[PDB]
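Below is one structure, written out as structure tokens, with a few remarks after it.
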Protein chains: 4
Amino acid sequence: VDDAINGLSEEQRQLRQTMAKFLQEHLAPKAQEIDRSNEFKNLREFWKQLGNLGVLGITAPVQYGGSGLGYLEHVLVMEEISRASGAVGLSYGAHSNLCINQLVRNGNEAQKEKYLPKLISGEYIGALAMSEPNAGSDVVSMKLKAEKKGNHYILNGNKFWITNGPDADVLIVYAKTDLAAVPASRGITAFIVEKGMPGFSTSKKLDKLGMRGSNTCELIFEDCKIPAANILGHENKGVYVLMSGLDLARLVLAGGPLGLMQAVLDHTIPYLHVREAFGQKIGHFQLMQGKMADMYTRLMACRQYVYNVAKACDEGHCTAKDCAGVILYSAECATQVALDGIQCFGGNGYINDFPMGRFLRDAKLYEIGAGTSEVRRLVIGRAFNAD
Amino acid sequence: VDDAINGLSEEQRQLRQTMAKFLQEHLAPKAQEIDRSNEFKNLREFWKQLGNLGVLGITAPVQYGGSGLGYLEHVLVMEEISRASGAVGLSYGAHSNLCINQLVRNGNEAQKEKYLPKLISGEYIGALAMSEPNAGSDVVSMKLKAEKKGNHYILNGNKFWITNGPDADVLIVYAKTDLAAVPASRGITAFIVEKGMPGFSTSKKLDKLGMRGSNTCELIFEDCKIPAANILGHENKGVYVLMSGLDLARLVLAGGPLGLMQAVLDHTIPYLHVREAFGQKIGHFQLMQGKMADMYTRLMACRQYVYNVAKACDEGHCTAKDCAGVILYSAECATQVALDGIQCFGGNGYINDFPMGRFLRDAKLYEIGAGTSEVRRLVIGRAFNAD
Amino acid sequence: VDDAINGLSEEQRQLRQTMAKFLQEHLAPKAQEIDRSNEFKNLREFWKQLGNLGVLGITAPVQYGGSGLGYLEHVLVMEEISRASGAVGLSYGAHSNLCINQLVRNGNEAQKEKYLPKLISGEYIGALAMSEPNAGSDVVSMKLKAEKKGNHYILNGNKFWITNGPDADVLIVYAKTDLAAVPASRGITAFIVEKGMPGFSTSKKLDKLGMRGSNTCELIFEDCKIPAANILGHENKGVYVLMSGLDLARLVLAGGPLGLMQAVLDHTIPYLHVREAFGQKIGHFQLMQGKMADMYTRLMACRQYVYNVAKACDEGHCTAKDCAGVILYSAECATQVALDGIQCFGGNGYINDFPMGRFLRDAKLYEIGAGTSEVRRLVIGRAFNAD
Amino acid sequence: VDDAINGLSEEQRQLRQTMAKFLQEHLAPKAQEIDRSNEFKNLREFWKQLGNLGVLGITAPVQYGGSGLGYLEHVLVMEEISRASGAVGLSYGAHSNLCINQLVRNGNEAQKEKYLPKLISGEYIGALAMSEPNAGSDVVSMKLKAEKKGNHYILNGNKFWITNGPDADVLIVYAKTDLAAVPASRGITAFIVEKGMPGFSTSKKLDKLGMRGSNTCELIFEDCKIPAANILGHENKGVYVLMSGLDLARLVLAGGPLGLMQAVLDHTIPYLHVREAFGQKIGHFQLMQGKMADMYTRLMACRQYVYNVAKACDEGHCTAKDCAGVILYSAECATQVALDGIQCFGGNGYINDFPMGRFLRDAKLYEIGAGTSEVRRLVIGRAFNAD
Ligand SMILES: CCCC(=O)SCCNC(=O)CCNC(=O)[C@H](O)C(C)(C)COP(=O)(O)OP(=O)(O)OC[C@H]1O[C@@H](n2cnc3c(N)ncnc32)[C@H](O)[C@@H]1OP(=O)(O)O
Ligand SMILES: CCCC(=O)SCCNC(=O)CCNC(=O)[C@H](O)C(C)(C)COP(=O)(O)OP(=O)(O)OC[C@H]1O[C@@H](n2cnc3c(N)ncnc32)[C@H](O)[C@@H]1OP(=O)(O)O
Ligand SMILES: CCCC(=O)SCCNC(=O)CCNC(=O)[C@H](O)C(C)(C)COP(=O)(O)OP(=O)(O)OC[C@H]1O[C@@H](n2cnc3c(N)ncnc32)[C@H](O)[C@@H]1OP(=O)(O)O
Ligand SMILES: CCCC(=O)SCCNC(=O)CCNC(=O)[C@H](O)C(C)(C)COP(=O)(O)OP(=O)(O)OC[C@H]1O[C@@H](n2cnc3c(N)ncnc32)[C@H](O)[C@@H]1OP(=O)(O)O
Ligand SMILES: Cc1cc2nc3c(=O)[nH]c(=O)nc-3n(C[C@H](O)[C@H](O)[C@H](O)COP(=O)(O)OP(=O)(O)OC[C@H]3O[C@@H](n4cnc5c(N)ncnc54)[C@H](O)[C@@H]3O)c2cc1C
Ligand SMILES: Cc1cc2nc3c(=O)[nH]c(=O)nc-3n(C[C@H](O)[C@H](O)[C@H](O)COP(=O)(O)OP(=O)(O)OC[C@H]3O[C@@H](n4cnc5c(N)ncnc54)[C@H](O)[C@@H]3O)c2cc1C
Ligand SMILES: Cc1cc2nc3c(=O)[nH]c(=O)nc-3n(C[C@H](O)[C@H](O)[C@H](O)COP(=O)(O)OP(=O)(O)OC[C@H]3O[C@@H](n4cnc5c(N)ncnc54)[C@H](O)[C@@H]3O)c2cc1C
Ligand SMILES: Cc1cc2nc3c(=O)[nH]c(=O)nc-3n(C[C@H](O)[C@H](O)[C@H](O)COP(=O)(O)OP(=O)(O)OC[C@H]3O[C@@H](n4cnc5c(N)ncnc54)[C@H](O)[C@@H]3O)c2cc1C
């Protein structure tokens, strides 16, 4: 259940229960099979249903069918999706915020009018390309070259860790159009890559430890002709978009660990009351009660932090420090919460028949899949040295 | 510098700024001397000045001279007072909540009219008596007998850990009238004693690790004559006012750890830029940046948690489990933040010349004061065994 | 890559390097295959090769083909095998210790001569059957009962969480022979069960999150006619045999967490010296150096702890508190070190191509295997309450 | 009571028993006056008593007045020290390890007969001086210049945080003779200072937060006069001289927090078995049992590590990395163990009538003093990156 402590007003609490019911009747009985087979056969249908329900494009303005609400609604929807299935949560985050937000913020009129109608309804899949095989944290050191020949850009390089790679029809890929600039950041430029262009291909899916079901593969570029009209933002100014969007991406993806540990508690609490030992329920022992108290306090603290930070950005007060800090704290707490939940189940929590094993593997992604904790602490640290 | 992310009204921000301005001029410079001498000669004058500001009865009705504000503003004032001096913060918390807030919720009209105006204007100091030398956590096992004869109650016994003891003019003392009743909880009765009654003798102050300046002494009752009109709550059913006061005292007291963390951050963050090591400022090292990130994230998470829980209580969504959780989390995080703040200073954090040593000793009280930390875990755990 | 701080003798150092060169060509290159297939195809061949080396009966007397060494050599061999493959290490320990030690400490002159030769030689595999589906930590509440049908014992019930179930040829099973005794412990009795006896069978191998490749199943007893000569210990004396072996299995299995915490460091340190970020190797950053230092200090502390506690048990002074404390501390520290070790690889540590995920999944077992992290603290606390 | 599990021989156990029976009724019964007044009335008498037993020369041979034992006996006797009274615990380490052994290991025959026969016999007090206000972490960036005018060096500058300052008769002061050399390590040179030299003076003693009783003040050098024969080591080659005693310091001072943990355990275990709450002793609750288990496991883990490293050091194998790791882990564990011990006492652990707060304030020294944890982590990182 949930409490009104989060300060959720009208049209926000009803959406929570609606998403809960939808994911419990559709997504909840399928998370196990998704994690087992490492694939999601019902991906297109699920995306169509999400587009019809109006959760896709939640942050997009009301011009092409978006909802036009704040980030808090997106945060709670991401939290509920991660609570239902952690693997689908990363894909939803990459689709709704990693791609759509860059299109609605820096995309021009003709640009967003072409892709968003086919992206909000759930037809196209929105992927993002930043990291590279030789640049995980140092995103500004990318080697993807983009030479200019008239009104066409020829990209020749490779990407890695691309969420929803082979399924994405439109991909926001950052390319370094100028490798001779004095600042390394001034050379990168964002381009809208579309499926079906000559010279574009994708590799096989990666076999990850967790998040099994979210497709991820290597991107290959070989003489790919990118039109000049597909540029995002301005030329040689791609850093002012990537750096400004990565904060919102870390902010929205912070709801992931929230829903993960929420599901952890929702699975742990009834088990501690049903399972009995030493003549009584195991949930009455002081150690189990202390663990429950710690997990509940950590979950509530992280949820309130994320919600209060999301409410600030809805009013126009965005900071790079807080967006990284909230997701760092949420992931670092959700890891320990999942460990304690696996511990509370005992031997039964060690087999893959229970979803407790998936919660730990999924919680580890938010520490390395959305920037490492070291980079987050560095971003927070540099925020104080600038005063 | 506090951020607007906390989600406060403009009047609340103005009140916070006014408190910061008032305490910086009158309490912040002499904060170290109060800890060094364990005495506050200007206690009654500072209490009168606070009464002129209306912060003493900030949760009391306006008809008694109070401000009539909610618990959120009370937590704000607590955090602001604890930001300058932790001992004065604890004293204000024991005065405004344990005595003033208790009478407005369970006292009669005459009992309120007699005591509240002087308590709000700073004329009388309030105190609460729950702990005993033989019963610190198990308050139900108190042995203070309160046998009655006619229209007077004959109290006989001693109580320990009484905050603001020697300086309090009106005290709320919980006593046990019927010790032979089968229900151990249904035998307590709250009495409102005052200075001047024959038999009410206070002991000397107690020298403690922190919170120096708060007068704590042992109360001694030897055949005292308490009139039948100074009864708080109902006769032989004082357990309900005792737990109602206990559930709300942990919420307003959470500002103490918040204020201490704010103080240690406002002392550390500037200090890391006016200190040189290896030819550079110590604030530029990645380990110090990680320490700053951890401290800032913990402070922000605890503050948002406490604020969202306090705002929920203003609309009738009160819960003892949430209050115990927030106070436990705030104390546990403030202890670690105070431990880490000393390491940032290096050697300048292990001497009384810097306030970094005082904030650590004061933060330890919140883990053992107003209920033990393990008792909080037990209370939180027992809240799930009834669902 | 180890250091001489352990204080082991020259003979014990030879066994350390002997297994080092053997496991790195026989067990290490196939660890990923065993993990992904969850089936040790060369299980019996590897067991026979280990029996040729004498590491199976390393704690057995030299009369039955053993080695005659102490518990420290067994602990170091277990640590090395767990470093090579944590899944195979658990099976090796649960066979060697939990069979040979239980047989030599409580078996008569005939039972030792009958089973120990082929058990040490590797032809017979051993296992311990104490846990139940309804009793993991509360082993005294077992439901398996035995009834005397003349000079025979008809065992009825089921056993769960047995390592090497379908592979063990000789199994030690505890069965309650009396239920009318006032103490519940006075009814438990130990029996020797061979493979292929009428009424003995295995249901199916279960799948676990970690320790993949170690065969675990459910034991089913359907009117099993165990002879009276197969009783281990004495009549109605199984708990004294069980608790004696329970204290020794915790010390021997402590090398598992030690092995995993050594392997994560042996795989992490050479990785930070290769990958470069921001123009330099990631190993030169302070945030990585601090984590490496913490992991190394934790590993060394746990290793010295286990090695010093092991030496005390060979002299003739063993305690149940230390045996639980060492395994609890080792499991917790190994889990916390693997958590950082996966993060040190960045995105590469989240895929199955690297054994970091396997090391993490195998580390969680020792917190919920061979006892429970909660019950160990209870056993430790009950030691002080008895003094 | 300590057990033989630590790995001590018969002579070492007898030495531990002698220290336990000698420190009582002489030291410990007066650690509360030393803590309250920050003054040792019979410091010189206690030092003379220690000199009669030979603990001051535990590492020095019998030729000069010591006992001729190894560093294991030193780290053992420094655990009994600071156990009865943590205040005087730092003075013994600064006298024996920092001054006596520094002259024994890196001294000539002439200097090995003028000061050491006085220091080992307790007639003189020794101390080391390397830190300064501008260099507390960057020891190679000193500012104290040393100009040569023949056969006498004139020291000019200032130093801070010198242990045993106002009472040491022999002080080893490090000064830079060549402030123009490019390598900072090539300009440092060690010197021997004796009380009563012209230009040398001691400032006011510092009122530290904890460890009150171990004198510490500021050294002022104004046109000093030290003969050339008092140079320790070689001129312009004090790099290896400085960073050789700093390693044995970390190795030997690691027993400091071990004694603090032993003291808080010897004070916590009996108190939990005499204090009753809710009709039962507080030591029987599962939370207090878990706290005792964690404290005991941490103490046993930190104790075996330091002892094994000392055993390895007594044979030729020395490493600064392990010497820093053992003391940093010991301090980090002792802080939490003191926090838990104060938590187990509740209200009584806060007043100054109990040594709970004293042991907490004493434990914080080893984390910031004698080398911060960041310096040790950086040293371990540099040692790992060199290979
Ligand atoms: C959730 C699923 C999807 C994912 O997980 S993908 C996450 C992307 N992958 C990652 O690895 C995380 C990326 N991490 C980072 O980029 C780093 O944190 C970091 C510190 C920004 C690296 O930047 P640096 O190389 O050190 O250079 P820099 O900080 O000076 O930035 C270069 C230019 O960025 C600009 N910038 C930085 N923060 C900004 C902001 N909040 N808004 C707008 N612009 C911003 C900055 O002005 C600078 O401009 P210029 O170079 O001076 O002209
Ligand atoms: C400067 C000011 C700061 C300070 O220093 S204040 C220091 C005083 N703070 C303390 O925490 C004292 C210690 N507190 C405690 O020990 C806890 O209260 C503790 C552990 C729950 C008491 O233990 P128990 O004996 O088990 O009590 P219990 O569970 O049986 O009591 C339940 C009875 O209370 C009653 N109750 C009424 N309103 C309540 C309410 N709003 N919340 C909780 N309980 C409430 C509840 O109905 C129940 O009644 P009944 O006896 O079963 O009939
Ligand atoms: C690959 C993994 C390998 C594995 O085998 S894993 C399975 C390990 N299973 C576990 O359950 C471990 C955790 N549980 C335990 O340790 C015990 O079950 C537990 C809960 C502490 C025992 O508590 P209780 O059930 O209440 O029984 P209890 O403590 O009163 O003891 C009953 C009898 O045991 C006896 N006992 C205990 N330690 C002993 C020793 N070292 N030597 C001889 N006898 C010992 C004790 O004297 C008592 O005797 P009695 O009742 O007077 O007949
Ligand atoms: C003898 C008493 C010791 C004490 O009491 S001090 C504890 C707290 N007080 C302090 O002043 C700070 C403690 N020390 C430090 O923090 C470290 O020295 C510090 C400054 C972080 C290390 O950074 P750096 O300045 O770069 O110095 P460094 O490590 O590169 O060393 C410079 C030269 O020392 C040498 N060195 C280092 N460890 C050594 C060893 N175990 N044995 C012999 N020589 C050693 C190193 O070879 C180097 O010499 P070279 O110039 O390359 O020839
Ligand atoms: C108005 C007021 C003001 C106060 N001000 C102060 C102050 O400023 N400073 C101060 O120090 N104190 C103060 N106190 C006292 C403080 O409230 C008590 O110290 C606190 O409740 C704990 O009490 P105790 O340590 O005496 O209980 P104890 O029972 O002695 O607690 C000792 C230990 O027993 C443990 N314990 C008890 N029951 C259980 C259980 N069921 N399970 C597990 N563990 C258990 C506790 O966790 C604790 O660790 C004040 C009290 C009141 C009423
Ligand atoms: C013989 C001797 C006796 C001593 N006695 C005592 C004693 O009695 N009591 C005591 O408290 N201490 C003692 N010390 C420790 C020493 O005095 C410490 O330096 C003390 O804490 C004084 O600190 P400081 O502020 O001068 O230097 P520091 O402790 O180093 O403080 C400076 C700050 O700069 C930061 N900094 C510097 N470089 C880096 C970096 N690379 N990365 C991150 N941060 C960095 C620090 O970590 C630290 O926060 C003793 C040392 C010696 C050698
Ligand atoms: C040879 C052998 C091999 C095994 N191998 C494996 C293996 O590979 N993997 C595996 O998962 N299991 C294995 N087991 C089973 C393992 O022993 C149990 O999983 C474990 O002891 C407890 O788990 P449970 O869920 O069965 O017990 P439960 O008692 O159901 O544990 C549930 C939770 O209740 C808690 N609890 C119980 N009593 C108390 C109390 N008094 N106070 C506080 N908390 C309490 C426990 O701490 C635990 O957190 C093996 C057993 C044997 C005998
Ligand atoms: C849309 C998109 C989706 C992605 N999806 C996934 C996914 O689903 N799963 C996944 O695993 N990955 C994913 N990635 C990749 C992921 O974002 C990167 O792996 C992440 O930024 C960390 O990169 P790295 O580990 O490769 O960097 P690395 O350099 O490998 O990091 C290794 C270590 O180096 C440390 N380090 C680097 N710089 C510093 C510094 N200055 N100070 C201290 N330490 C440092 C890091 O902190 C880290 O601990 C995705 C990337 C994008 C762009």
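What follows is calculated from the coordinates using simple rules that are stated; it is not laboratory data. Every residue, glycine as well, gets a Cβ built from its backbone with ideal geometry; the counts of neighbours run over all protein chains shown.
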Original post:
How long is segment B:53-92 along each principal axis, judged by its Cα atoms, biggest number first, in Å?
Top reply: 30, 16, 13
Original post:
Out of segment A:79-161, which trypsin sites (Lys or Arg not before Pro) are coil in DSSP terms and have no more than 15 other C-beta atoms within 10 Å?
Top reply: A:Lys143
Original post:
From the Cα gyration tensor of segment A:181-291, with a ≥ b ≥ c the square roots of its eigenvalues, which class applies: rounded if a/c is under 1.5, or else prolate if a/b is larger than b/c, or else oblate?
Top reply: prolate
Original post:
Nearest-5 percent of antiparallel DSSP beta bridges in chain B?
Top reply: 85 percent
Subject >> Shielding of D:136-144 by partner chains, average beta-carbon count, 10 Å >> reply: 2
Original post:
Distances from B:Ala180 to the same residue in each other copy, label points 7 Å out along Cα→Cβ, in nm, shortest first?
Top reply: 4.7, 9.8, 10.3
**OP:** Taking the Cα centre of segment B:128-241 as origin, sum charge times position over the Cβ atoms of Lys and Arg (+1) and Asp and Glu (-1), and report the length of that vector in debye to the nearest 20.
**Re:** 60 debye
**OP:** Work from the charge dipole of chain D (Cβ charges, +1 for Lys and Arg, -1 for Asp and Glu, about the Cα centre) and give the residue of D:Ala370, D:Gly136, D:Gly126 farthest towards its positive end.
**Re:** D:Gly136
Original post:
Among chain C residues, which Cβ is nearest the axis of the C-onto-B rotation, and at how many Å?
Top reply: C:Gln286, 2
Subject >> Globularity ratio of chain D, using Cα Rg and 2.2 N^0.38 Å >> reply: 1.00
Subject >> Where GluC sites (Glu not before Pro) fall in DSSP loop in segment A:21-107, at most 12 other Cβ within 10 Å >> reply: none
**OP:** Could you size up the charge dipole of the protein assembly as shown around its Cα centre, putting +1 on the beta carbon of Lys and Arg and -1 on that of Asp and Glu, and report it in debye to the nearest 20?
**Re:** 40 debye
**OP:** Add +1 for every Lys or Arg and -1 for every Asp or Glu among the other residues with Cβ under 11 Å from the Cβ of A:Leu360, and state the total.
**Re:** +3
Original post:
Within segment B:128-241, what percent of beta bridges assigned by DSSP are antiparallel, to the nearest 5?
Top reply: 90 percent
Original post:
Tally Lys and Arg at +1 and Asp and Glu at -1 over the other residues with C-beta under 14 Å from the C-beta of D:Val274: what net charge comes out?
Top reply: -1
Original post:
Label-to-label distances across copies for A:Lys48, with labels 7 Å out along Cα→Cβ, in nm, shortest first?
Top reply: 5.9, 8.0, 9.8
Original post:
Which residue, C:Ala168, C:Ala228, C:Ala146, tops the fluctuation ranking in a GNM of chain C built on C-alpha contacts under 10 Å?
Top reply: C:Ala228
Subject >> Teacher prompt: B:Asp3 distances to equivalent labels in other copies, 7 Å Cα→Cβ, nm >> reply: 2.4, 4.1, 5.1
Subject >> Alpha-carbon centroid distance for the pair segment C:203-270 / segment B:359-382, whole angstrom >> reply: 40 Å
Subject >> Alpha carbon Rg of segment A:128-242, scaled by the compact-globule rule 2.2 N^0.38 Å >> reply: 1.03
Original post:
Can you list, bin by bin at 10 Å, the percent of alpha carbon pairs in segment B:76-200, starting at 0?
Top reply: 12, 39, 36, 11, 2
Original post:
For segment C:4-125, what class follows from the C-alpha gyration tensor (a ≥ b ≥ c being the square roots of its eigenvalues): rounded when a/c is under 1.5, otherwise prolate if a/b is larger than b/c, else oblate?
Top reply: oblate
Subject >> Charge dipole (debye, nearest 20) of segment C:4-125; +1 at Cβ of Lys and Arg, -1 at Cβ of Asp and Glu >> reply: 140 debye
Subject >> 20 Å binning of all Cα-Cα separations within the protein assembly as shown, expressed as whole percents from 0 upward >> reply: 9, 32, 37, 20, 2, 0
Original post:
Where both partners of a DSSP beta bridge lie in the protein assembly as shown, what percent of those bridges are antiparallel, to the nearest 5?
Top reply: 85 percent
**OP:** Could you estimate the translational diffusion coefficient of segment D:87-137 from the Stokes-Einstein equation, with Rh from the Kirkwood formula over C-alpha pairs, at 37 °C and 0.692 mPa s, in whole µm²/s?
**Re:** 277 µm²/s
**OP:** Can you give me the three principal axis dimensions of segment C:291-387 from its C-alpha atoms, in Å, biggest first?
**Re:** 51, 23, 20
**OP:** For D:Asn151, put the label point 7 Å out on the Cα→Cβ axis and report which residues of segment D:212-235 keep their amide N under 12 Å from it.
**Re:** D:227-230
Original post:
Based on DSSP H runs of at least 4 residues, each adding -39500 (n - 2.57), what is the mean residue ellipticity at 222 nm of chain D after dividing by all its residues, to the nearest 500 deg cm²/dmol?
Top reply: -13500 deg cm²/dmol
Subject >> Loop-located trypsin sites (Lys or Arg not before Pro) in segment C:188-218 whose Cβ has at most 12 other Cβ within 10 Å (DSSP) >> reply: C:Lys204
Original post:
Rounded to two decimals, what ratio of Rg to Rh does segment D:25-76 give with C-alpha atoms and a Kirkwood Rh?
Top reply: 1.10
Original post:
When the convex hull of the Cα atoms of segment D:321-373 is projected onto a plane and the area is averaged over all directions, what value comes out in nm²?
Top reply: 3.5 nm²
Original post:
With a ≥ b ≥ c the root eigenvalues of the C-alpha gyration tensor of segment A:147-211, is it rounded (a/c under 1.5), prolate (a/b larger than b/c) or oblate?
Top reply: oblate
**OP:** Could you list C:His317, B:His26 in order of exposure, starting from the residue whose Cβ has the fewest other Cβ atoms within 10 Å?
**Re:** C:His317, B:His26
Subject >> Inter-site label distance for A:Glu45 and C:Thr319 at 7 Å from Cα along Cβ, in nm >> reply: 6.3 nm
Original post:
For chain C, modelled as a GNM with alpha-carbon contacts under 10 angstrom, which of C:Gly196, C:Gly283, C:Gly54 fluctuates the most?
Top reply: C:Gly196
Original post:
Just how far, in whole angstrom, is segment D:56-127 from segment B:85-139 if you go by their alpha carbon centroids?
Top reply: 57 Å
